């Protein structure tokens, strides 16, 4: 059955343990979820030009810096490019109107901030950097408590992800220990 096997448990919040044919896999879940996210976004930005938003049911308002308000004013277009709709409603309060479908909300503010934060820097092809930053913000990350099928869904996505096994920063996203090597841990 599948190369990344089946989820068996989650560890000190950081790891997914899975059982593959004759092996244990330890998947760095955050680093893995990021990679999937990044690629799925890099693809969409390539195939539909923009990322698709979702018109928030309850517009989440938040206290912004001037710097952030300025970024919104200068890059309204670009933010729609990344499936983010925001409006500036005085006294440094911003409102999130719409967030990307493919990040299933969660601290929408924290996402908004980060992108504003990235756009602030531009003073184009800042794309990869921005998506990498956006890649950290999906359903799985920082918080934990996944179900086994949630974990399975991830390993499935990973199997369809054209640089699984690599975080935004070079490291592997999983380790495999074969039956042979496991046995070797118990060496006399």
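Residue numbers count along the first chain shown, from 1.
The modelled chain breaks after residue 123 and resumes at residue 124, leaving 4 to 9 residues of the deposited sequence without coordinates. In this entry, the higher average B-factor at the C-alpha atoms falls on 46-54, of the pair 62-70 and 46-54. Taking the mean C-alpha B-factor of each stretch as recorded, 87-95 and 108-116 are not equal, and the higher mean is that of 87-95.
The maximum CA B-factor among the listed residues 32, 153, 142, 26, taken from the PDB record, is found at 142. When the CA B factors of the chain's modelled residues are split into thirds, the value for residue 169 lands in the highest one. Looking at the C-alpha B-factors along this chain, the one for residue 39 belongs to the middle third.
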